[PDB]
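Below you'll find the structure, written out as structure tokens, and then a few comments.
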Amino acid sequence: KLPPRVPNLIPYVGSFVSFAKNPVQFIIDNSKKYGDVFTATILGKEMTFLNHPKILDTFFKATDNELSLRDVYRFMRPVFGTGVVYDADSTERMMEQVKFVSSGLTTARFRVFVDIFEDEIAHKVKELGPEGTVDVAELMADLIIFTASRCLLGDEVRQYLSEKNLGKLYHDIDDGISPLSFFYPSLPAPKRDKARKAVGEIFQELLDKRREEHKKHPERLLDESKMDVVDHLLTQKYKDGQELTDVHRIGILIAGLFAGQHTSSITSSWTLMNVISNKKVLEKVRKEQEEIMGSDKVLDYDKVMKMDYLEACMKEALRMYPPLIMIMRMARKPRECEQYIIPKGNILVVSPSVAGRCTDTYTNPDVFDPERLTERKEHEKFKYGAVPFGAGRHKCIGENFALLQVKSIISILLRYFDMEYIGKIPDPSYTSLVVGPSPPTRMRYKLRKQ
Ligand code: HEM
Ligand SMILES: OC(Cn1cncn1)(Cn1cncn1)c1ccc(F)cc1F
């Protein structure tokens, strides 16, 4: 047969409400009811949910003629741009773009990023003062609105991030992208579109400056450690010889910068928060920190490689708060899963949010406990037991940059500060397309060298 169905409140609207209440809880409740698979009409979309690691093989290895991304995240267009990534001409033109960014994220560059991380957290401590309080959130995003910019675009950008308000414009973009937009791609959003244009120009500009810097400084091109994304773009040609257009450029910089900022700064928040609020942890971390930093007064890519425990904390925050709670693919052929046959036109959904709290994989899964990963190995149980980065053909290609970018920021931060958190770990907030713990998230901080 077809999968069971969430019986609807109404035709059309279907189950939008209890889904929208808590997207994840929804999927969990109904799993227990109707089993490993089940369909639910949500604002007129046929969304089948796959709900047990065992079965997620097919979802991830199917091809983009079988299971389309482009179909489903196409709505991102007004953000990224036209003919870009999910709105790109093809499966293969997307990939080719993806890789352009992922070339800005090489071992050579990573070494330079760690220096950038410092340079900025320095500039940042100034703004704070020896002690006070601050929304962790606001800070991660604010650190990360600066680091990434430089990491991918290069220090050239910083004069804009500073003088020209670029952060704010990012928010106008990034606060005009409801997850509703998925069900209504044409929901009018003028103030975003003004921002995305203003950005557009600047990103253009940027290239226009960067071109003259190649004429005046060609040697840059041979040196792997200044070859940022912008360059890779300015000096590459799709695999068939077709040139890239500045609008493909300007739009792929943003495609990245989007990928870069939010998911990370949210894991920066969720992780720290659980560390400075479990003393057995904040311990082990500072042991590792101090073992490693030794006589050194600043960070390096090798140090950060060795920050194993801390990574388990960030892994753990992802099992507790994966900021992409839902991975989606439209079906174009009909699909055989288990005994069922999911029909063409449906949308297939898989949740990390869920998979991280399944109970065969994880004991006391409401308990933040890096030892579940490092000693108990709970994530190795099933081959898709934990998937914060996705997997198969579309596995995140920022994984290592991410890990690098946070681990670095949290380390560097601890060093500077003794910090403690105020009241409980807030719950997730399901208001945005990237899911982060809910405001306010304040913490006391005071320094460590007079
Ligand atoms: C907490 C940090 C992050 C998490 C949890 C995360 C998660 C994911 C997940 C779950 C997917 C799979 C989407 C799918 O299969 O449908 C993905 C794909 C992707 N990610 Fe990330 N990511 C993170 C950071 C980054 C960063 C920092 C960048 C770039 C700077 C990035 C760039 C991308 C790109 C380009 C893909 C495309 C894969 C494809 O071609 O479909 N990610 N990520
Ligand atoms: O996959 C995302 C967008 N997305 C997927 N579901 C909901 N939003 C996020 N992402 C994952 N890692 C980093 N960002 C992405 C993929 C590529 C990209 F260029 C932007 C972008 F948001």
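Please note that chains go A, B, ... in the order of the structure tokens, that every chain numbers its residues from 1, and that ligands are numbered from 1 in the order shown.
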Which residues of stretch 366-395 of chain A come within 12 Å of stretch 420-425 of chain A, and what is each one's closest atom pair and distance in Å (one decimal), counting only C-alpha atoms, sorted by chain and residue number, as CSV?
```
residue,atom,partner,partner_atom,distance
A:366,CA,A:425,CA,11.6
A:367,CA,A:425,CA,11.6
A:368,CA,A:425,CA,10.8
```
Using only C-alpha atoms and all ligand atoms, what table do you get, as a Markdown table, when you list each residue of chain A with an atom no more than 6 Å from ligand 2, its nearest pair of atoms, and their distance in Å rounded to one decimal, rows by chain then rising number?
```
| residue | atom | partner | partner_atom_place_in_ligand_line | distance |
| --- | --- | --- | --- | --- |
| A:255 | CA | ligand 2 | 19 (F) | 3.7 |
| A:256 | CA | ligand 2 | 19 (F) | 4.6 |
| A:258 | CA | ligand 2 | 22 (F) | 5.3 |
| A:259 | CA | ligand 2 | 14 (N) | 3.1 |
| A:260 | CA | ligand 2 | 13 (C) | 5.7 |
| A:324 | CA | ligand 2 | 7 (C) | 5.7 |
| A:327 | CA | ligand 2 | 6 (N) | 5.9 |
| A:396 | CA | ligand 2 | 12 (N) | 5.6 |
| A:433 | CA | ligand 2 | 7 (C) | 5.9 |
```
Written file, previous selection with C-alpha atoms, as a short mmCIF file (atom, residue, chain, number, x, y, z; two decimals), in the first residue's frame:
```
data_model
loop_
_atom_site.label_atom_id
_atom_site.label_comp_id
_atom_site.auth_asym_id
_atom_site.auth_seq_id
_atom_site.Cartn_x
_atom_site.Cartn_y
_atom_site.Cartn_z
CA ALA A 255 25.01 30.95 -1.23
CA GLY A 256 28.13 30.25 0.85
CA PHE A 258 24.50 31.82 4.09
CA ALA A 259 25.79 28.28 4.61
CA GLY A 260 28.67 29.67 6.62
CA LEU A 324 18.65 21.89 9.96
CA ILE A 327 16.18 17.38 5.05
CA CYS A 396 27.72 18.98 3.99
CA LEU A 433 14.60 28.13 8.53
#
```
Hey, which of A:229, A:137, A:329, A:379 ends up closest to residue A:345? Count only C-alpha atoms.
A:329
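Closest approach to ligand 1 among A:29, A:120, A:369, A:71: A:71, based on only C-alpha atoms and all ligand atoms.
Residue nearest ligand 1, chosen from A:402, A:354, A:20, A:79 and counting only C-alpha atoms and all ligand atoms: A:402.
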Give me, as a ChimeraX atom specification, the set of residues whose atoms come within 6 Å of any atom of ligand 1, counting only C-alpha atoms and all ligand atoms.
/A:95,98,256,259-260,263-264,267,322-324,327-328,388-390,394-399,401-402
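The neighbours of residue A:12 here are the residues that come within 6 Å of it, using only C-alpha atoms and leaving out any residue fewer than 2 positions away in the same chain; they are residues 14, 43 and 44 of chain A.
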To test your reading of the structure, identify every residue in stretch 67-247 of chain A that backbone DSSP assigns to alpha helix (DSSP H), and report it as an NGL selection string.
:A and (77-80 or 91-102 or 107-128 or 136-148 or 158-163 or 166-174 or 190-216 or 229-234 or 246-247)
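Minimum distance to residue A:444 across A:286, A:108, A:419, A:207 (counting only C-alpha atoms) occurs at A:419.
Contact shell of residue A:34 at 10 Å (only C-alpha atoms; same-chain neighbours under 2 positions omitted): residues 3, 4, 5, 6, 29, 30, 31, 32, 36, 37, 38 and 39 of chain A.
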Requested write-out: N, CA, C and O atoms of the selected residues, as an mmCIF file, in the first residue's frame:
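As written to disk, result_29.cif reads:
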```
data_model
loop_
_atom_site.group_PDB
_atom_site.id
_atom_site.type_symbol
_atom_site.label_atom_id
_atom_site.label_comp_id
_atom_site.auth_asym_id
_atom_site.auth_seq_id
_atom_site.Cartn_x
_atom_site.Cartn_y
_atom_site.Cartn_z
ATOM 1 N N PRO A 3 1.953 4.783 2.209
ATOM 2 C CA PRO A 3 2.155 4.939 3.647
ATOM 3 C C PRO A 3 0.865 5.332 4.369
ATOM 4 O O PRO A 3 -0.027 5.927 3.759
ATOM 5 N N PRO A 4 0.765 5.010 5.668
ATOM 6 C CA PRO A 4 -0.336 5.580 6.435
ATOM 7 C C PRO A 4 -0.376 7.109 6.360
ATOM 8 O O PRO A 4 0.586 7.750 5.915
ATOM 9 N N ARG A 5 -1.486 7.693 6.792
ATOM 10 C CA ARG A 5 -1.640 9.137 6.700
ATOM 11 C C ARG A 5 -1.974 9.739 8.048
ATOM 12 O O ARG A 5 -2.742 9.165 8.825
ATOM 13 N N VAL A 6 -1.376 10.891 8.331
ATOM 14 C CA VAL A 6 -1.882 11.745 9.377
ATOM 15 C C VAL A 6 -3.270 12.134 8.936
ATOM 16 O O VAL A 6 -3.446 12.710 7.858
ATOM 17 N N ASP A 29 5.639 11.904 17.568
ATOM 18 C CA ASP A 29 4.342 11.382 17.980
ATOM 19 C C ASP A 29 3.899 10.383 16.929
ATOM 20 O O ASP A 29 3.697 9.200 17.213
ATOM 21 N N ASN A 30 3.812 10.865 15.696
ATOM 22 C CA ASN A 30 3.181 10.111 14.630
ATOM 23 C C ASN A 30 3.946 8.874 14.211
ATOM 24 O O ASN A 30 3.361 7.941 13.660
ATOM 25 N N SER A 31 5.256 8.890 14.446
ATOM 26 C CA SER A 31 6.083 7.710 14.243
ATOM 27 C C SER A 31 5.559 6.583 15.104
ATOM 28 O O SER A 31 5.269 5.493 14.607
ATOM 29 N N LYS A 32 5.425 6.851 16.397
ATOM 30 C CA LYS A 32 4.920 5.848 17.307
ATOM 31 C C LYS A 32 3.575 5.343 16.810
ATOM 32 O O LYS A 32 3.336 4.131 16.783
ATOM 33 N N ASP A 36 7.354 3.498 10.750
ATOM 34 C CA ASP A 36 8.603 4.021 10.183
ATOM 35 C C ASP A 36 8.374 5.044 9.059
ATOM 36 O O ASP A 36 9.247 5.871 8.777
ATOM 37 N N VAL A 37 7.221 4.951 8.394
ATOM 38 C CA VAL A 37 6.856 5.877 7.327
ATOM 39 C C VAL A 37 5.398 6.293 7.500
ATOM 40 O O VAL A 37 4.598 5.533 8.037
ATOM 41 N N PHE A 38 5.063 7.501 7.061
ATOM 42 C CA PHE A 38 3.683 7.992 7.109
ATOM 43 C C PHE A 38 3.540 9.321 6.361
ATOM 44 O O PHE A 38 4.413 10.172 6.436
ATOM 45 N N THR A 39 2.430 9.494 5.654
ATOM 46 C CA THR A 39 2.212 10.706 4.881
ATOM 47 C C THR A 39 1.369 11.707 5.666
ATOM 48 O O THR A 39 0.550 11.328 6.490
#
```
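For the pair atom CA of residue A:240 and atom CA of residue A:254, the interatomic distance is 23.9 Å.
A straight line drawn from atom CA of residue A:332 to atom CA of residue A:19 is 24.3 Å long.
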Quick one: residues within 9 Å of residue A:431, only C-alpha atoms counted, chain neighbours fewer than 2 positions away excluded, as a PyMOL selection string?
chain A and resi 20+178-179+429+433-436
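For residue A:302, the set of protein, DNA and RNA residues having any atom at most 10 Å away, when counting only C-alpha atoms and skipping those fewer than 3 positions along the same chain, is residues 111, 114, 292, 299, 305, 306 and 307 of chain A.
Compared by their closest atoms to residue A:311, and using only C-alpha atoms, the residues A:122, A:206, A:272, A:247 rank with A:272 nearest.
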Env of residue A:346: 9 Å cut, atoms = only C-alpha atoms, seq-sep filter 3 positions within chain, self excluded. Answer as an MDAnalysis selection string.
chainID A and resid 39 45:48 329:332 334 342:343
Check the DSSP output for the backbone and give back, as a list in words, the residues of stretch 45-270 of chain A in strand (DSSP E or B).
residues 45, 46, 47, 48, 49, 50, 67, 68, 131, 132, 133, 134 and 135 of chain A
Atoms kept (C-alpha atoms) for selection, written as a PDB file, in the first residue's frame:
```pdb
ATOM      1  CA  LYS A  45       1.906  19.212   0.063  1.00  0.00           C
ATOM      2  CA  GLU A  46       2.215  15.439   0.238  1.00  0.00           C
ATOM      3  CA  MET A  47       4.991  15.076   2.767  1.00  0.00           C
ATOM      4  CA  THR A  48       6.021  11.495   3.615  1.00  0.00           C
ATOM      5  CA  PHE A  49       8.348  11.182   6.613  1.00  0.00           C
ATOM      6  CA  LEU A  50      11.056   8.529   6.939  1.00  0.00           C
ATOM      7  CA  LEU A  67      15.033  12.628  -5.587  1.00  0.00           C
ATOM      8  CA  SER A  68      15.285  16.359  -6.377  1.00  0.00           C
ATOM      9  CA  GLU A 131      33.275  41.693  32.510  1.00  0.00           C
ATOM     10  CA  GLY A 132      29.557  42.037  31.934  1.00  0.00           C
ATOM     11  CA  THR A 133      26.814  40.035  30.266  1.00  0.00           C
ATOM     12  CA  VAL A 134      25.746  39.302  26.674  1.00  0.00           C
ATOM     13  CA  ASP A 135      23.433  37.260  24.511  1.00  0.00           C
TER      14      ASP A 135
END
```
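Take atom CA of residue A:362 and atom CA of residue A:439: the distance between them is 27.5 Å.
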